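Asker: Sequence lines, in order, name chains A and B. PDB author numbering applies: residue 1 is where the first sequence begins, and numbers increase by one. PDB author numbering applies: residue 1 is where the second sequence begins, and numbers increase by one. After the structure tokens below, expect a handful of questions from me.
Protein chains: 2
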Amino acid sequence: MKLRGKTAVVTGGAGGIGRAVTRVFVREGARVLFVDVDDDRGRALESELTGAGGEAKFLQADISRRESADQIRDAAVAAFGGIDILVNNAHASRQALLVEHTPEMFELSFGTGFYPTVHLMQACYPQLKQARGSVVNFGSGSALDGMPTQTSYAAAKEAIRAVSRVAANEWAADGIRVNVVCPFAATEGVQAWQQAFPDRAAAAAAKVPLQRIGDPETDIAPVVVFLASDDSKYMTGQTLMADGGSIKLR
Amino acid sequence: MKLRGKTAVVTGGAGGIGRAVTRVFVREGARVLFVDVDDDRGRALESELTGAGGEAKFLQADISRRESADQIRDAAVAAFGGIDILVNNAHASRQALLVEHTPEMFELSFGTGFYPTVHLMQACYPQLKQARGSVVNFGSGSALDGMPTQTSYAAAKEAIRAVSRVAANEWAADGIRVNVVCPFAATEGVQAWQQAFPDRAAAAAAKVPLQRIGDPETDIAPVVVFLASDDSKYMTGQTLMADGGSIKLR
Ligand SMILES: NC(=O)c1ccc[n+]([C@@H]2O[C@H](COP(=O)([O-])OP(=O)(O)OC[C@H]3O[C@@H](n4cnc5c(N)ncnc54)[C@H](O)[C@@H]3O)[C@@H](O)[C@H]2O)c1
Ligand SMILES: NC(=O)c1ccc[n+]([C@@H]2O[C@H](COP(=O)([O-])OP(=O)(O)OC[C@H]3O[C@@H](n4cnc5c(N)ncnc54)[C@H](O)[C@@H]3O)[C@@H](O)[C@H]2O)c1
Ligand SMILES: [Ca+2]
Ligand SMILES: [Ca+2]
Numbered sequence: 001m002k003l004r005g006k007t008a009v010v011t012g013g014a015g016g017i018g019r020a021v022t023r024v025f026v027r028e029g030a031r032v033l034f035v036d037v038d039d040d041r042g043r044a045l046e047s048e049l050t051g052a053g054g055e056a057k058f059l060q061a062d063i064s065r066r067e068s069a070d071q072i073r074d075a076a077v078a079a080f081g082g083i084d085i086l087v088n089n090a091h092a093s094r095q096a097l098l099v100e101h102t103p104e105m106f107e108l109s110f111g112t113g114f115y116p117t118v119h120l121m122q123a124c125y126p127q128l129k130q131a132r133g134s135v136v137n138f139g140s141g142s143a144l145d146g147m148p149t150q151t152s153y154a155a156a157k158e159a160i161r162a163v164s165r166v167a168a169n170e171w172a173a174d175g176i177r178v179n180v181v182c183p184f185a186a187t188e189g190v191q192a193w194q195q196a197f198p199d200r201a202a203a204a205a206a207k208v209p210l211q212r213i214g215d216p217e218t219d220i221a222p223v224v225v226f227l228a229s230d231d232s233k234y235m236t237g238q239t240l241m242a243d244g245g246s247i248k249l250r
Numbered sequence: 001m002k003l004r005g006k007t008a009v010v011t012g013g014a015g016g017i018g019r020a021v022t023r024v025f026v027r028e029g030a031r032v033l034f035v036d037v038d039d040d041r042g043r044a045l046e047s048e049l050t051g052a053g054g055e056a057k058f059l060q061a062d063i064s065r066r067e068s069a070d071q072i073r074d075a076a077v078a079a080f081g082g083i084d085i086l087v088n089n090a091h092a093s094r095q096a097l098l099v100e101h102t103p104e105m106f107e108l109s110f111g112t113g114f115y116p117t118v119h120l121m122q123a124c125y126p127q128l129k130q131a132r133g134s135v136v137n138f139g140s141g142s143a144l145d146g147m148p149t150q151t152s153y154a155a156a157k158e159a160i161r162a163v164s165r166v167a168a169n170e171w172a173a174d175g176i177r178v179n180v181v182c183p184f185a186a187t188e189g190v191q192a193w194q195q196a197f198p199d200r201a202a203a204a205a206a207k208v209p210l211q212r213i214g215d216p217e218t219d220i221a222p223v224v225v226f227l228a229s230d231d232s233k234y235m236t237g238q239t240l241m242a243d244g245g246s247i248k249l250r
């Protein structure tokens with residue numbers, strides 16, 4: 001009942017952290033329109049959530065396209081009448097040294113991570129202002145450190161955090177809060193990275209003070225629920241570290 | 001519901017933010033031993049909480065006294081059998097320019113804020129280890145900026161945040177998380193500061209993006225509940241800004 005009566009939009013909601021956000025949000029009483037290009041995982045998640053009596057709607061959409069932001073907003077409004085929560089979770093990237101980077105690498109990272117964050121916030125702003133709602137964007141601890149091979153990934157992530165701080169200041173008068181989560185969780189995207197960079201991945205796992213890679217449902221999603229809920233109604237423009245204590249903000 | 005079955009120690013728990021934490025903790029199902037020198041407010045709070053069906057115990061103690069840590073730990077165990085949560089909330093200080101600072105100003109700030117935080121963490125460590133518990137310490141945004149007149153207040157606050165990060169690293173293997181809240185709330189200590197420094201207080205009020213000074217119960221305490229609860233079980237060593245967006249950690 002933490003999000004009872006609230007409507008949430010979750011991008012990349014068919015897998016990884018976005019799937020766990022969708023599951024826990026519905027479990028907390030929220031109506032969720034979750035968006036993904038993966039309709040195999042997307043339709044089965046819709047089937048599982050609606051079977052248990054939850055209100056979830058899958059929308060198959062590539063959020064990197066110009067018309068996706070308005071289609072996502074229109075689909076949430078048509079299905080649930082409003083938008084209280086916007087979780088900009090989806091992001092794709094490629095890892096390579098800076099001297100190895102290509103324009104396609106920046107296009108992927110900014111096109112799937114940064115610009116959908118901006119465009120969905122612009123499209124959903126009237127609905128979020130009506131709801132006095134909450135926007136949860138996603139950063140990364142490796143973008144804070146400057147982890148090697150993360151040129152295009154970290155550039156988009158820190159651009160996401162920058163616009164999150166600007167929007168927090170611009171939208172605070174409307175009662176809309178904007179915050180960032182930096183997670184570390186066992187997802188499909190992390191498993192592919194652990195296979196391509198096993199030494200770096202093992203060093204990252206061994207660094208976690210709490211001695212585990214996060215579970216998306218029990219370690220990451222409750223932090224997103226907190227930011228989407230009225231418990232954080234006096235918190236905006238912040239970055240929450242859901243990483244087992246790996247990086248401590250000062 | 002959220003802290004059902006948990007025992008909490010809350011210092012300065014009879015007034016201001018500490019009282020809001022004590023109230024809200026009991027509403028979430030926790031058993032609270034709250035400590036304060038204000039026995040008038042302390043006795044009435046205990047009467048109010050037990051009268052509403054809650055479990056709370058008031059301990060009258062000056063936490064700057066060197067035996068109070070063991071007296072507090074023993075009282076919590078004697079009343080409720082263990083310690084799952086430690087909230088180091090009490091802190092008294094005086095404001096003056098650096099060129100106007102006396103040793104008694106440093107003694108008050110360190111003696112009421114910093115050293116009780118260390119000693120209560122040491123005293124409660126066996127109970128927190130048994131519980132795999134959570135420690136919530138308190139900082140200040142004014143210490144982050146270095147606001148004038150805050151030499152002794154900021155020094156103790158940043159010393160608190162330092163030991164919080166050290167213990168988070170040292171205690172993470174035991175499953176004990178340690179985090180900091182930086183609040184901005186309408187309390188009696190803030191009211192006394194508003195009278196002594198009206199222009200600076202007006203400037204601090206006007207800076208808040210969310211355009212209000214925090215209500216202790218609805219704006220500050222739910223952030224403490226989040227850190228004390230299992231929703232933040234993957235978060236340690238962090239600082240949470242409950243300040244309406246005034247300061248954004250990067
Ligand atoms: N998992 C981690 O440890 C970790 C670490 C740092 C940051 N993050 C951030 O957390 C968020 C979640 O990451 P994850 O590991 O769950 O990702 P993932 O790669 O495991 O899953 C991403 C999901 O988003 C969907 N998606 C990708 N591109 C899309 C597009 N253009 N349109 C619609 N849907 C699309 C995919 O189908 C997939 O379901 C990401 O923004 C990521 O940058 C995660
Ligand atoms: N209220 C704010 O805006 C604000 C801003 C920055 C930081 N903080 C921090 O938040 C915490 C709460 O502050 P507040 O505004 O509620 O303070 P306050 O002065 O309003 O309340 C302090 C409470 O602690 C008790 N106390 C003080 N010294 C004690 C001692 N030696 N032993 C036992 N009890 C003692 C007092 O009796 C009182 O009940 C403090 O640590 C403060 O530094 C608050
Ligand atoms: Ca876009
Ligand atoms: Ca002491």
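Ideal Cβ positions, reconstructed from N, Cα and C, are used throughout, including at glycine.
(1) Please determine, among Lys248/B, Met235/B, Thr236/B, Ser229/B, the residue with the shortest C-alpha to C-alpha distance to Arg4/B.
(2) Any C-beta of chain B sitting closer than 8 Å to the C-beta of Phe226/A?
(3) Taking 7 Å as the cut-off, does the CB of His101/B come closer than this to any heavy atom belonging to ligand 1?
(4) Would you say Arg250/B touches ligand 4, meaning its beta carbon is less than 7 Å from a heavy atom?
(5) Could you give the uninterrupted runs of the alpha helix (DSSP H) lying entirely in the stretch 23-65 of chain A, keeping only those of 4 residues or more?
(6) Please report how far the alpha carbon of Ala155/A lies from the alpha carbon of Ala143/A, in whole angstroms.
(7) Which term fits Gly141/A, buried or exposed, when burial requires 16 or more other beta carbons within 10 angstroms of its beta carbon?
(8) Across which residues does DSSP place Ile85/B in a beta bridge pair?
(9) Am I right that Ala186/A and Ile213/A are in contact with their C-beta atoms under 8 Å? What's the rounded C-beta distance?
(10) I want to know whether the stretch 170-180 of chain A touches the stretch 120-131 of chain A - three or more CB-CB distances under 8 Å.
(11) Taking the alpha carbon of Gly16/A as the point to measure from, which residue in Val9/A, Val223/A, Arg41/A, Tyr115/A has its own alpha carbon closest?
(12) Whether or not the stretch 53-68 of chain B and the stretch 201-221 of chain B are in contact is what I'm after, with contact meaning three or more pairs of Cβ atoms, one per stretch, closer than 8 Å; do they touch?
(13) Let me confirm a value: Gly139/B is counted as buried when at least 16 other C-beta atoms fall within 10 Å, else exposed. Which label applies?
(14) Output yes or no for whether 8 Å exceeds the beta carbon distance between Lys2/A and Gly29/A.
(15) Please look up how many angstroms separate the CB atoms of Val136/A and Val190/A, rounded, as I've assumed it's under 8 Å.
(16) Inspect the beta-carbon positions of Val87/B and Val9/B and report whether they are closer than 8 Å.
(17) Cα-Cα, which of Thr149/A, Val77/A, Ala123/A is closest to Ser68/A?
(18) May I ask which residues mark the beginning and end of the beta strand (DSSP E) holding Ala242/B?
(19) Hey, which unbroken runs of the alpha helix (DSSP H) at 4 residues or more fall wholly within the stretch 117-190 of chain A?
(20) When you get a sec, list the residues whose CB is within less than 5 Å of any heavy atom of ligand 3, chain order please.
(21) Whole-angstrom Cβ separation of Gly245/B and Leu210/B, contact assumed at under 8 Å?
(22) So with CB distances below 7 Å, who are the chain B contacts of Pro222/A?
(23) Three-state secondary structure (DSSP) at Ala14/A?
(24) Among the residues of its own chain, which have a CB less than 6 Å from the CB of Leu98/B, if the five just before and after it don't count?
(25) Can you list the residues of chain B that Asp62/A reaches, using a CB-CB cut of under 9 Å?
(26) Could you tell me whether any Cβ in chain A is nearer than 8 Å to the Cβ of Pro209/B?
(27) Using the beta-carbon count (16 or more within 10 Å), is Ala196/A buried or exposed?
(28) What does DSSP give as the partner residues of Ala96/A in its beta bridges?
(29) I believe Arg31/B touches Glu217/B by the beta-carbon criterion, under 8 Å. Please report the beta-carbon distance rounded to the nearest angstrom.
(30) Which of the three DSSP states, helix, strand or coil, is assigned to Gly245/B?
(31) Please confirm if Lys248/B has its CB atom under 8 Å from at least one CB of chain A.
(32) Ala14/A to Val21/A, Cα distance in whole Å?
(33) With 8 Å as the threshold, decide whether the Cβ of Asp219/B is near any Cβ in chain A.
(34) Quick one: which residues of the stretch 161-180 of chain B get their C-beta closer than 8 Å to a C-beta of chain A? List them in chain order.
(35) Do you know how far the Cα of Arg27/A is from the Cα of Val166/A?
Answerer: So, to answer that:
(1) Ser229/B
(2) yes
(3) no
(4) no
(5) 39-51
(6) 7 Å
(7) buried
(8) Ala8/B, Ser134/B
(9) 5 Å
(10) yes
(11) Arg41/A
(12) no
(13) buried
(14) yes
(15) Not a contact, Cβ separation roughly 19 Å.
(16) yes
(17) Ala123/A
(18) 239-242
(19) 141-145, 151-171
(20) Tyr115/A, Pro116/A, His119/A
(21) 6 Å
(22) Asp231
(23) coil
(24) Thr151
(25) Near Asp62/A there are no residues of chain B at all, since even the closest Cβ is about 31 Å away, more than 9 Å.
(26) yes
(27) exposed
(28) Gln150/A
(29) Their Cβ separation, rounded to whole angstroms, is 19 Å, which puts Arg31/B and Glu217/B out of contact at 8 Å.
(30) coil
(31) yes
(32) 10 Å
(33) yes
(34) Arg161, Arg165, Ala168, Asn169, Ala172, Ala173, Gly175, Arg177
(35) 32 Å
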